[PDB]
Structures are given as structure tokens and as C-alpha cells.
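Novice: Next up, target.cif (mmCIF, N, CA and C atoms).
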```cif
data_run
loop_
_atom_site.group_PDB
_atom_site.id
_atom_site.type_symbol
_atom_site.label_atom_id
_atom_site.label_comp_id
_atom_site.auth_asym_id
_atom_site.auth_seq_id
_atom_site.Cartn_x
_atom_site.Cartn_y
_atom_site.Cartn_z
ATOM 1 N N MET A 1 7.768 -1.351 -13.120
ATOM 2 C CA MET A 1 7.703 -1.714 -11.683
ATOM 3 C C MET A 1 6.347 -1.294 -11.105
ATOM 4 N N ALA A 2 5.682 -2.201 -10.379
ATOM 5 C CA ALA A 2 4.341 -2.004 -9.831
ATOM 6 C C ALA A 2 4.228 -0.983 -8.725
ATOM 7 N N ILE A 3 5.360 -0.729 -8.115
ATOM 8 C CA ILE A 3 5.495 0.091 -6.932
ATOM 9 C C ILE A 3 5.661 1.531 -7.404
ATOM 10 N N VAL A 4 4.917 2.428 -6.773
ATOM 11 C CA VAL A 4 4.783 3.824 -7.144
ATOM 12 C C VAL A 4 4.883 4.630 -5.846
ATOM 13 N N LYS A 5 5.220 5.909 -5.969
ATOM 14 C CA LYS A 5 5.423 6.843 -4.868
ATOM 15 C C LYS A 5 4.410 7.958 -5.079
ATOM 16 N N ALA A 6 3.582 8.238 -4.075
ATOM 17 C CA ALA A 6 2.475 9.185 -4.204
ATOM 18 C C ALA A 6 2.379 10.098 -2.986
ATOM 19 N N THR A 7 1.593 11.159 -3.139
ATOM 20 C CA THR A 7 1.211 12.095 -2.096
ATOM 21 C C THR A 7 -0.299 12.301 -2.184
ATOM 22 N N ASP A 8 -0.870 13.072 -1.261
ATOM 23 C CA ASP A 8 -2.292 13.399 -1.242
ATOM 24 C C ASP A 8 -2.776 13.992 -2.573
ATOM 25 N N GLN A 9 -1.874 14.679 -3.288
ATOM 26 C CA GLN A 9 -2.128 15.301 -4.581
ATOM 27 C C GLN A 9 -2.404 14.277 -5.693
ATOM 28 N N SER A 10 -1.839 13.071 -5.598
ATOM 29 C CA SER A 10 -1.820 12.078 -6.669
ATOM 30 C C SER A 10 -2.435 10.735 -6.265
ATOM 31 N N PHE A 11 -2.616 10.495 -4.964
ATOM 32 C CA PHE A 11 -3.038 9.217 -4.411
ATOM 33 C C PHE A 11 -4.314 8.699 -5.072
ATOM 34 N N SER A 12 -5.338 9.544 -5.200
ATOM 35 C CA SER A 12 -6.624 9.154 -5.765
ATOM 36 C C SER A 12 -6.498 8.745 -7.236
ATOM 37 N N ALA A 13 -5.670 9.461 -8.002
ATOM 38 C CA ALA A 13 -5.441 9.160 -9.405
ATOM 39 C C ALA A 13 -4.742 7.809 -9.540
ATOM 40 N N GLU A 14 -3.735 7.558 -8.703
ATOM 41 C CA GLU A 14 -2.983 6.313 -8.739
ATOM 42 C C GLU A 14 -3.870 5.133 -8.343
ATOM 43 N N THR A 15 -4.686 5.290 -7.300
ATOM 44 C CA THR A 15 -5.520 4.233 -6.749
ATOM 45 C C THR A 15 -6.778 3.953 -7.572
ATOM 46 N N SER A 16 -7.042 4.748 -8.614
ATOM 47 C CA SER A 16 -8.180 4.516 -9.484
ATOM 48 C C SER A 16 -7.986 3.312 -10.412
ATOM 49 N N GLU A 17 -6.747 2.897 -10.672
ATOM 50 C CA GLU A 17 -6.452 1.905 -11.704
ATOM 51 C C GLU A 17 -6.536 0.473 -11.150
ATOM 52 N N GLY A 18 -7.758 0.004 -10.879
ATOM 53 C CA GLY A 18 -8.031 -1.378 -10.509
ATOM 54 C C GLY A 18 -7.835 -1.576 -9.012
ATOM 55 N N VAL A 19 -7.477 -2.796 -8.611
ATOM 56 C CA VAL A 19 -7.030 -3.063 -7.247
ATOM 57 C C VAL A 19 -5.638 -2.452 -7.108
ATOM 58 N N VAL A 20 -5.429 -1.721 -6.021
ATOM 59 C CA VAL A 20 -4.180 -1.066 -5.686
ATOM 60 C C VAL A 20 -3.982 -1.291 -4.190
ATOM 61 N N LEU A 21 -2.741 -1.482 -3.750
ATOM 62 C CA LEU A 21 -2.422 -1.744 -2.354
ATOM 63 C C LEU A 21 -1.442 -0.657 -1.928
ATOM 64 N N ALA A 22 -1.967 0.333 -1.214
ATOM 65 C CA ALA A 22 -1.203 1.458 -0.730
ATOM 66 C C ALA A 22 -0.474 1.070 0.552
ATOM 67 N N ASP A 23 0.706 1.646 0.748
ATOM 68 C CA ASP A 23 1.635 1.374 1.834
ATOM 69 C C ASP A 23 1.937 2.705 2.513
ATOM 70 N N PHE A 24 1.172 2.988 3.563
ATOM 71 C CA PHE A 24 1.339 4.145 4.420
ATOM 72 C C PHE A 24 2.540 3.836 5.302
ATOM 73 N N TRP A 25 3.622 4.589 5.098
ATOM 74 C CA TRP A 25 4.919 4.350 5.713
ATOM 75 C C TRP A 25 5.636 5.694 5.884
ATOM 76 N N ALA A 26 6.881 5.698 6.359
ATOM 77 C CA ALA A 26 7.774 6.848 6.325
ATOM 78 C C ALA A 26 9.196 6.281 6.300
ATOM 79 N N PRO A 27 10.190 6.916 5.657
ATOM 80 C CA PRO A 27 11.563 6.419 5.678
ATOM 81 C C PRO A 27 12.178 6.301 7.077
ATOM 82 N N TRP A 28 11.617 6.972 8.084
ATOM 83 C CA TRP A 28 12.081 6.882 9.466
ATOM 84 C C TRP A 28 11.659 5.558 10.127
ATOM 85 N N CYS A 29 10.721 4.832 9.504
ATOM 86 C CA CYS A 29 10.150 3.591 9.997
ATOM 87 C C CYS A 29 11.214 2.488 10.077
ATOM 88 N N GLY A 30 11.010 1.523 10.977
ATOM 89 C CA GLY A 30 11.816 0.310 11.074
ATOM 90 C C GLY A 30 11.067 -0.881 10.475
ATOM 91 N N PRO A 31 9.929 -1.325 11.049
ATOM 92 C CA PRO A 31 9.156 -2.461 10.540
ATOM 93 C C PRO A 31 8.777 -2.362 9.057
ATOM 94 N N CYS A 32 8.561 -1.151 8.531
ATOM 95 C CA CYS A 32 8.260 -0.933 7.117
ATOM 96 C C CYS A 32 9.374 -1.471 6.206
ATOM 97 N N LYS A 33 10.630 -1.424 6.659
ATOM 98 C CA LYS A 33 11.770 -1.918 5.896
ATOM 99 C C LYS A 33 11.720 -3.443 5.765
ATOM 100 N N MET A 34 11.037 -4.147 6.677
ATOM 101 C CA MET A 34 10.867 -5.592 6.605
ATOM 102 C C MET A 34 9.910 -5.966 5.477
ATOM 103 N N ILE A 35 8.818 -5.210 5.302
ATOM 104 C CA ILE A 35 7.800 -5.509 4.298
ATOM 105 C C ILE A 35 8.196 -4.969 2.914
ATOM 106 N N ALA A 36 9.094 -3.981 2.810
ATOM 107 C CA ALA A 36 9.561 -3.460 1.522
ATOM 108 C C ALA A 36 10.020 -4.556 0.527
ATOM 109 N N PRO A 37 10.899 -5.518 0.887
ATOM 110 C CA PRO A 37 11.257 -6.598 -0.028
ATOM 111 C C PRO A 37 10.076 -7.533 -0.320
ATOM 112 N N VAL A 38 9.106 -7.649 0.588
ATOM 113 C CA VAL A 38 7.883 -8.401 0.347
ATOM 114 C C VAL A 38 7.053 -7.682 -0.728
ATOM 115 N N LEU A 39 6.974 -6.345 -0.714
ATOM 116 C CA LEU A 39 6.348 -5.570 -1.779
ATOM 117 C C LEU A 39 7.108 -5.726 -3.097
ATOM 118 N N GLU A 40 8.438 -5.866 -3.081
ATOM 119 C CA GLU A 40 9.180 -6.200 -4.297
ATOM 120 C C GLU A 40 8.835 -7.613 -4.794
ATOM 121 N N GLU A 41 8.646 -8.576 -3.897
ATOM 122 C CA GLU A 41 8.155 -9.891 -4.285
ATOM 123 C C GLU A 41 6.740 -9.777 -4.857
ATOM 124 N N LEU A 42 5.903 -8.884 -4.327
ATOM 125 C CA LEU A 42 4.585 -8.608 -4.882
ATOM 126 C C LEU A 42 4.667 -7.953 -6.258
ATOM 127 N N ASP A 43 5.624 -7.061 -6.531
ATOM 128 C CA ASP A 43 5.889 -6.603 -7.900
ATOM 129 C C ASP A 43 6.131 -7.806 -8.806
ATOM 130 N N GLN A 44 6.972 -8.729 -8.339
ATOM 131 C CA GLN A 44 7.402 -9.879 -9.122
ATOM 132 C C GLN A 44 6.312 -10.963 -9.262
ATOM 133 N N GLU A 45 5.233 -10.910 -8.471
ATOM 134 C CA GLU A 45 4.234 -11.977 -8.359
ATOM 135 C C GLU A 45 2.825 -11.517 -8.731
ATOM 136 N N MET A 46 2.544 -10.219 -8.621
ATOM 137 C CA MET A 46 1.221 -9.642 -8.852
ATOM 138 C C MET A 46 1.234 -8.412 -9.759
ATOM 139 N N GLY A 47 2.392 -7.892 -10.180
ATOM 140 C CA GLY A 47 2.491 -6.630 -10.919
ATOM 141 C C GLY A 47 1.707 -6.577 -12.241
ATOM 142 N N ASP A 48 1.222 -7.721 -12.726
ATOM 143 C CA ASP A 48 0.369 -7.843 -13.905
ATOM 144 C C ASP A 48 -1.074 -7.386 -13.629
ATOM 145 N N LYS A 49 -1.519 -7.459 -12.369
ATOM 146 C CA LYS A 49 -2.873 -7.120 -11.922
ATOM 147 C C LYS A 49 -2.868 -6.054 -10.823
ATOM 148 N N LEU A 50 -1.738 -5.830 -10.149
ATOM 149 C CA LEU A 50 -1.650 -5.012 -8.949
ATOM 150 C C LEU A 50 -0.735 -3.814 -9.183
ATOM 151 N N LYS A 51 -1.019 -2.725 -8.470
ATOM 152 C CA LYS A 51 -0.162 -1.554 -8.324
ATOM 153 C C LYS A 51 0.026 -1.393 -6.818
ATOM 154 N N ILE A 52 1.199 -0.951 -6.386
ATOM 155 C CA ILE A 52 1.550 -0.792 -4.986
ATOM 156 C C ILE A 52 1.885 0.693 -4.845
ATOM 157 N N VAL A 53 1.308 1.402 -3.872
ATOM 158 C CA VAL A 53 1.424 2.867 -3.809
ATOM 159 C C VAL A 53 1.951 3.276 -2.436
ATOM 160 N N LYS A 54 3.254 3.536 -2.343
ATOM 161 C CA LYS A 54 3.868 4.011 -1.111
ATOM 162 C C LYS A 54 3.470 5.471 -0.906
ATOM 163 N N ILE A 55 3.130 5.854 0.323
ATOM 164 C CA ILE A 55 2.795 7.229 0.681
ATOM 165 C C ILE A 55 3.380 7.535 2.068
ATOM 166 N N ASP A 56 4.171 8.613 2.121
ATOM 167 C CA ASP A 56 4.955 9.011 3.287
ATOM 168 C C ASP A 56 4.062 9.800 4.238
ATOM 169 N N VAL A 57 3.626 9.185 5.336
ATOM 170 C CA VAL A 57 2.677 9.793 6.261
ATOM 171 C C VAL A 57 3.203 11.109 6.837
ATOM 172 N N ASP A 58 4.524 11.302 6.932
ATOM 173 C CA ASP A 58 5.111 12.502 7.537
ATOM 174 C C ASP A 58 4.803 13.769 6.726
ATOM 175 N N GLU A 59 4.399 13.610 5.461
ATOM 176 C CA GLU A 59 4.024 14.698 4.561
ATOM 177 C C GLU A 59 2.574 14.544 4.075
ATOM 178 N N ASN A 60 1.846 13.531 4.563
ATOM 179 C CA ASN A 60 0.532 13.128 4.046
ATOM 180 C C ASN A 60 -0.398 12.784 5.208
ATOM 181 N N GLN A 61 -0.316 13.584 6.278
ATOM 182 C CA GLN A 61 -1.162 13.460 7.458
ATOM 183 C C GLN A 61 -2.646 13.512 7.085
ATOM 184 N N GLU A 62 -3.015 14.258 6.039
ATOM 185 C CA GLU A 62 -4.401 14.373 5.604
ATOM 186 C C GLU A 62 -4.907 13.028 5.078
ATOM 187 N N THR A 63 -4.151 12.365 4.200
ATOM 188 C CA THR A 63 -4.552 11.092 3.615
ATOM 189 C C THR A 63 -4.553 10.007 4.698
ATOM 190 N N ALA A 64 -3.572 10.018 5.607
ATOM 191 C CA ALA A 64 -3.551 9.124 6.757
ATOM 192 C C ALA A 64 -4.804 9.331 7.616
ATOM 193 N N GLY A 65 -5.128 10.584 7.938
ATOM 194 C CA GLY A 65 -6.311 10.949 8.703
ATOM 195 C C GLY A 65 -7.604 10.537 7.999
ATOM 196 N N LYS A 66 -7.600 10.475 6.662
ATOM 197 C CA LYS A 66 -8.742 10.084 5.840
ATOM 198 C C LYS A 66 -9.275 8.704 6.231
ATOM 199 N N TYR A 67 -8.413 7.818 6.741
ATOM 200 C CA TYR A 67 -8.791 6.466 7.168
ATOM 201 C C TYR A 67 -8.433 6.213 8.641
ATOM 202 N N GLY A 68 -8.048 7.257 9.385
ATOM 203 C CA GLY A 68 -7.628 7.148 10.776
ATOM 204 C C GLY A 68 -6.339 6.336 10.948
ATOM 205 N N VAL A 69 -5.457 6.319 9.942
ATOM 206 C CA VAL A 69 -4.126 5.729 10.056
ATOM 207 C C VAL A 69 -3.376 6.524 11.135
ATOM 208 N N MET A 70 -2.855 5.818 12.142
ATOM 209 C CA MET A 70 -2.182 6.401 13.307
ATOM 210 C C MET A 70 -0.899 5.622 13.654
ATOM 211 N N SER A 71 -0.578 4.591 12.867
ATOM 212 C CA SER A 71 0.585 3.729 12.999
ATOM 213 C C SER A 71 1.039 3.351 11.587
ATOM 214 N N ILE A 72 2.270 2.859 11.443
ATOM 215 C CA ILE A 72 2.825 2.370 10.183
ATOM 216 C C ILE A 72 3.715 1.140 10.473
ATOM 217 N N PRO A 73 3.954 0.229 9.508
ATOM 218 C CA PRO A 73 3.358 0.199 8.178
ATOM 219 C C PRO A 73 1.860 -0.088 8.277
ATOM 220 N N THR A 74 1.071 0.612 7.469
ATOM 221 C CA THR A 74 -0.363 0.378 7.360
ATOM 222 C C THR A 74 -0.678 0.248 5.876
ATOM 223 N N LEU A 75 -1.603 -0.648 5.544
ATOM 224 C CA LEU A 75 -1.866 -1.083 4.188
ATOM 225 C C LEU A 75 -3.332 -0.821 3.904
ATOM 226 N N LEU A 76 -3.618 -0.106 2.818
ATOM 227 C CA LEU A 76 -4.982 0.216 2.412
ATOM 228 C C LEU A 76 -5.125 -0.440 1.055
ATOM 229 N N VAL A 77 -6.060 -1.370 0.914
ATOM 230 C CA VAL A 77 -6.386 -1.927 -0.386
ATOM 231 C C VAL A 77 -7.486 -1.015 -0.898
ATOM 232 N N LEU A 78 -7.273 -0.421 -2.067
ATOM 233 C CA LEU A 78 -8.271 0.361 -2.764
ATOM 234 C C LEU A 78 -8.650 -0.415 -4.015
ATOM 235 N N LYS A 79 -9.866 -0.193 -4.500
ATOM 236 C CA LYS A 79 -10.356 -0.749 -5.747
ATOM 237 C C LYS A 79 -11.074 0.384 -6.453
ATOM 238 N N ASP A 80 -10.664 0.678 -7.686
ATOM 239 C CA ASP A 80 -11.275 1.698 -8.545
ATOM 240 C C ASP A 80 -11.419 3.057 -7.827
ATOM 241 N N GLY A 81 -10.462 3.385 -6.949
ATOM 242 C CA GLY A 81 -10.330 4.708 -6.347
ATOM 243 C C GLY A 81 -10.921 4.839 -4.941
ATOM 244 N N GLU A 82 -11.488 3.778 -4.351
ATOM 245 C CA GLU A 82 -12.042 3.805 -2.999
ATOM 246 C C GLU A 82 -11.467 2.653 -2.179
ATOM 247 N N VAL A 83 -11.343 2.820 -0.858
ATOM 248 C CA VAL A 83 -10.870 1.755 0.024
ATOM 249 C C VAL A 83 -11.856 0.596 -0.052
ATOM 250 N N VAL A 84 -11.295 -0.596 -0.205
ATOM 251 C CA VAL A 84 -12.010 -1.851 -0.243
ATOM 252 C C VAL A 84 -11.559 -2.738 0.932
ATOM 253 N N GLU A 85 -10.342 -2.558 1.486
ATOM 254 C CA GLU A 85 -9.901 -3.302 2.676
ATOM 255 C C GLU A 85 -8.755 -2.558 3.382
ATOM 256 N N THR A 86 -8.444 -2.923 4.629
ATOM 257 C CA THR A 86 -7.351 -2.350 5.418
ATOM 258 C C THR A 86 -6.597 -3.488 6.126
ATOM 259 N N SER A 87 -5.300 -3.312 6.386
ATOM 260 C CA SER A 87 -4.476 -4.176 7.228
ATOM 261 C C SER A 87 -3.364 -3.330 7.866
ATOM 262 N N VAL A 88 -2.769 -3.795 8.967
ATOM 263 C CA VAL A 88 -1.749 -3.059 9.717
ATOM 264 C C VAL A 88 -0.599 -4.027 10.021
ATOM 265 N N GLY A 89 0.632 -3.519 10.074
ATOM 266 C CA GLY A 89 1.810 -4.298 10.423
ATOM 267 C C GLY A 89 2.287 -5.182 9.270
ATOM 268 N N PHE A 90 3.341 -5.955 9.536
ATOM 269 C CA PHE A 90 3.928 -6.888 8.580
ATOM 270 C C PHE A 90 2.936 -8.008 8.231
ATOM 271 N N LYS A 91 3.040 -8.541 7.011
ATOM 272 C CA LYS A 91 2.389 -9.769 6.559
ATOM 273 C C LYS A 91 3.311 -10.404 5.511
ATOM 274 N N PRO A 92 3.388 -11.745 5.430
ATOM 275 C CA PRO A 92 4.145 -12.426 4.388
ATOM 276 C C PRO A 92 3.447 -12.276 3.032
ATOM 277 N N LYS A 93 4.189 -12.499 1.941
ATOM 278 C CA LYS A 93 3.678 -12.301 0.581
ATOM 279 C C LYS A 93 2.452 -13.145 0.272
ATOM 280 N N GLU A 94 2.342 -14.333 0.859
ATOM 281 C CA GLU A 94 1.206 -15.219 0.638
ATOM 282 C C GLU A 94 -0.059 -14.607 1.248
ATOM 283 N N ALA A 95 0.029 -14.092 2.480
ATOM 284 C CA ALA A 95 -1.096 -13.446 3.141
ATOM 285 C C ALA A 95 -1.496 -12.177 2.390
ATOM 286 N N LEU A 96 -0.509 -11.412 1.920
ATOM 287 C CA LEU A 96 -0.759 -10.225 1.118
ATOM 288 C C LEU A 96 -1.411 -10.583 -0.214
ATOM 289 N N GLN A 97 -0.976 -11.662 -0.860
ATOM 290 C CA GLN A 97 -1.597 -12.135 -2.086
ATOM 291 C C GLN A 97 -3.059 -12.471 -1.836
ATOM 292 N N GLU A 98 -3.397 -13.064 -0.695
ATOM 293 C CA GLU A 98 -4.786 -13.378 -0.373
ATOM 294 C C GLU A 98 -5.594 -12.096 -0.139
ATOM 295 N N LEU A 99 -5.003 -11.109 0.539
ATOM 296 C CA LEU A 99 -5.581 -9.801 0.793
ATOM 297 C C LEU A 99 -5.886 -9.061 -0.520
ATOM 298 N N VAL A 100 -5.026 -9.189 -1.532
ATOM 299 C CA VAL A 100 -5.292 -8.713 -2.886
ATOM 300 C C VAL A 100 -6.402 -9.564 -3.523
ATOM 301 N N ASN A 101 -6.262 -10.890 -3.454
ATOM 302 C CA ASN A 101 -7.069 -11.867 -4.182
ATOM 303 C C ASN A 101 -8.550 -11.730 -3.871
ATOM 304 N N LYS A 102 -8.890 -11.464 -2.605
ATOM 305 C CA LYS A 102 -10.281 -11.334 -2.167
ATOM 306 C C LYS A 102 -11.005 -10.128 -2.787
ATOM 307 N N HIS A 103 -10.306 -9.269 -3.538
ATOM 308 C CA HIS A 103 -10.886 -8.136 -4.264
ATOM 309 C C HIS A 103 -10.519 -8.108 -5.755
ATOM 310 N N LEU A 104 -9.678 -9.031 -6.243
ATOM 311 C CA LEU A 104 -9.444 -9.198 -7.674
ATOM 312 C C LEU A 104 -10.761 -9.548 -8.360
#
```
Would you mind writing the structure in this file as C-alpha cells?
Specialist:
Amino acid sequence: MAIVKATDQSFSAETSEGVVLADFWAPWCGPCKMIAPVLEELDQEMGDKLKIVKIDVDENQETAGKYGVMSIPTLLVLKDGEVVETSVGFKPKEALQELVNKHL
């Protein structure tokens, strides 16, 4: 499964492996639950080239602060361990595929 669970301790190691799309969220979130099945569709559609890295902002304020994340769901596209793009809020799988594609 392409989807992984990380913290500030592991985030950089996980995001080093190619294009990775991190999901700054928290289980207390509402809108994040809408995009979760879209990330499962992304496992099913991009998991050959993509990794998806969920990170719980309620325990990872430092990593959130690293990019000024102040709302969720927030999406950080990293490539080879550094941020390459950002997006905020819900997006459909096609728009997310394009957001990945522009850095593949």
C-alpha cells in the first residue's frame, strides 16, 4: 500500500523516495475524511510511482510549521526529500494525478 504514516522523526526519510505526496491532517478533521478514499484511489492509480505520507499535525506542529501549514487537509508534494509543490483542501483524483504528474 502506497499510503504510509509518519512523524517529524521519519518524514524526511519517507519523502526521500522519489515523488511523495504528504497529507498533513489529524483524525479530528472532517474534510480530510473526504480526501482519504481519494488517496486510496491514488494508491490504486499511482502506487507504482507515488508514495502518500499521512502526518498528524496535532503531534507534528514542527513539520507543519516547517512550511507554515496552519489548516488541514494540506498537501505537500516532495521530490527526493524536499518540497516541490503545495496544495490545500480537497481535490479530485484527476487533479491530484496532475499535481503528481507535473513533478514525475
Novice: Please determine, counting only N, CA and C atoms, which residue among A:9, A:4, A:64, A:17 has the shortest atom-to-atom distance to residue 80 in chain A.
Specialist: A:17
Novice: Please return as a PyMOL selection string: the residues of chain A that backbone DSSP assigns to strand (DSSP E or B).
Specialist: chain A and resi 3-6+19-25+51-56+74-79+82-88
Novice: For the provided coordinates, the residues matched by the PyMOL selection byres (((chain A and resi 75-78 and name CA) around 9) and name CA) should be stated as a PyMOL selection string.
Specialist: chain A and resi 15-16+18-25+67+72-74+79-89+99-100+103
Novice: Just to confirm, what's the straight-line distance from CA of residue 52 in chain A to CA of residue 29 in chain A in Å (one decimal)?
Specialist: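 Distance between the two atoms: 17.8 Å.
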Novice: Find the residues around range 90-97 of chain A up to 6.5 Å (all atoms listed in the file counted), leave out those fewer than 5 positions away in its own chain, and share them as an MDAnalysis selection string.
Specialist: chainID A and resid 35 38 42 73 102
Novice: Which residues in chain A does DSSP call helix (DSSP H, G or I)? List them as an MDAnalysis selection string.
Specialist: chainID A and resid 11:15 31:46 57:59 61:66 93:101
Novice: Calculate how many Å separate atom C of residue 47 in chain A from atom N of residue 14 in chain A, rounding to one decimal.
Specialist: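 About the pair atom C of residue 47 in chain A and atom N of residue 14 in chain A: they are 15.6 Å apart.
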Novice: Using only C-alpha atoms, which of A:44, A:101, A:12, A:71 sits nearest residue 58 in chain A?
Specialist: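 Smallest distance to residue 58 in chain A is found for A:71.
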Novice: How many Å separate atom N of residue 10 in chain A from atom C of residue 50 in chain A?
Specialist: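 Calculated distance between atom N of residue 10 in chain A and atom C of residue 50 in chain A is 17.3 Å.
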Novice: Which centre and edge lengths in Å to one decimal define the box along x, y and z that fits every listed atom of range 5-18 of chain A plus 8 Å per side, as lines of an AutoDock Vina configuration file?
Specialist:
```
center_x = -1.4
center_y = 6.9
center_z = -6.5
size_x = 29.6
size_y = 32.9
size_z = 26.5
```
Novice: Skip residue 8 in chain A itself and residues of its chain fewer than 2 positions away, then list as JSON, numbers by chain all residues within 7 Å of it, counting all atoms listed in the file.
Specialist: {"A": [6, 10, 11, 12, 59, 60, 62, 63]}
Novice: Please produce range 5-22 of chain A, completed to N, CA, C and O atoms, as a compact mmCIF listing (two decimals), in the frame of the given file.
Specialist:
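The result, written out as selection.txt:
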```
# COMPACT_ATOMS: atom_id res chain seq x y z
N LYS A 5 5.22 5.91 -5.97
CA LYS A 5 5.42 6.84 -4.87
C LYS A 5 4.41 7.96 -5.08
O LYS A 5 4.37 8.53 -6.17
N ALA A 6 3.58 8.24 -4.08
CA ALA A 6 2.48 9.18 -4.20
C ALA A 6 2.38 10.10 -2.99
O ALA A 6 2.96 9.83 -1.93
N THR A 7 1.59 11.16 -3.14
CA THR A 7 1.21 12.10 -2.10
C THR A 7 -0.30 12.30 -2.18
O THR A 7 -0.95 11.81 -3.11
N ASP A 8 -0.87 13.07 -1.26
CA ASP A 8 -2.29 13.40 -1.24
C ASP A 8 -2.78 13.99 -2.57
O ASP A 8 -3.93 13.81 -2.96
N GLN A 9 -1.87 14.68 -3.29
CA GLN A 9 -2.13 15.30 -4.58
C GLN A 9 -2.40 14.28 -5.69
O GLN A 9 -3.13 14.59 -6.64
N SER A 10 -1.84 13.07 -5.60
CA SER A 10 -1.82 12.08 -6.67
C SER A 10 -2.44 10.74 -6.26
O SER A 10 -2.78 9.93 -7.14
N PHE A 11 -2.62 10.50 -4.96
CA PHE A 11 -3.04 9.22 -4.41
C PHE A 11 -4.31 8.70 -5.07
O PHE A 11 -4.36 7.55 -5.50
N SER A 12 -5.34 9.54 -5.20
CA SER A 12 -6.62 9.15 -5.76
C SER A 12 -6.50 8.74 -7.24
O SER A 12 -7.11 7.77 -7.67
N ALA A 13 -5.67 9.46 -8.00
CA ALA A 13 -5.44 9.16 -9.40
C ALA A 13 -4.74 7.81 -9.54
O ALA A 13 -5.13 6.99 -10.37
N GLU A 14 -3.74 7.56 -8.70
CA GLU A 14 -2.98 6.31 -8.74
C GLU A 14 -3.87 5.13 -8.34
O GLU A 14 -3.84 4.09 -9.01
N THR A 15 -4.69 5.29 -7.30
CA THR A 15 -5.52 4.23 -6.75
C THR A 15 -6.78 3.95 -7.57
O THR A 15 -7.50 3.00 -7.28
N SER A 16 -7.04 4.75 -8.61
CA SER A 16 -8.18 4.52 -9.48
C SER A 16 -7.99 3.31 -10.41
O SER A 16 -8.97 2.76 -10.90
N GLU A 17 -6.75 2.90 -10.67
CA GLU A 17 -6.45 1.90 -11.70
C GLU A 17 -6.54 0.47 -11.15
O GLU A 17 -5.52 -0.20 -10.98
N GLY A 18 -7.76 0.00 -10.88
CA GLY A 18 -8.03 -1.38 -10.51
C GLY A 18 -7.84 -1.58 -9.01
O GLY A 18 -8.05 -0.65 -8.23
N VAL A 19 -7.48 -2.80 -8.61
CA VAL A 19 -7.03 -3.06 -7.25
C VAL A 19 -5.64 -2.45 -7.11
O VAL A 19 -4.76 -2.67 -7.95
N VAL A 20 -5.43 -1.72 -6.02
CA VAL A 20 -4.18 -1.07 -5.69
C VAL A 20 -3.98 -1.29 -4.19
O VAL A 20 -4.95 -1.29 -3.43
N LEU A 21 -2.74 -1.48 -3.75
CA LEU A 21 -2.42 -1.74 -2.35
C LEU A 21 -1.44 -0.66 -1.93
O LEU A 21 -0.28 -0.63 -2.32
N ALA A 22 -1.97 0.33 -1.21
CA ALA A 22 -1.20 1.46 -0.73
C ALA A 22 -0.47 1.07 0.55
O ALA A 22 -1.01 0.33 1.37
```
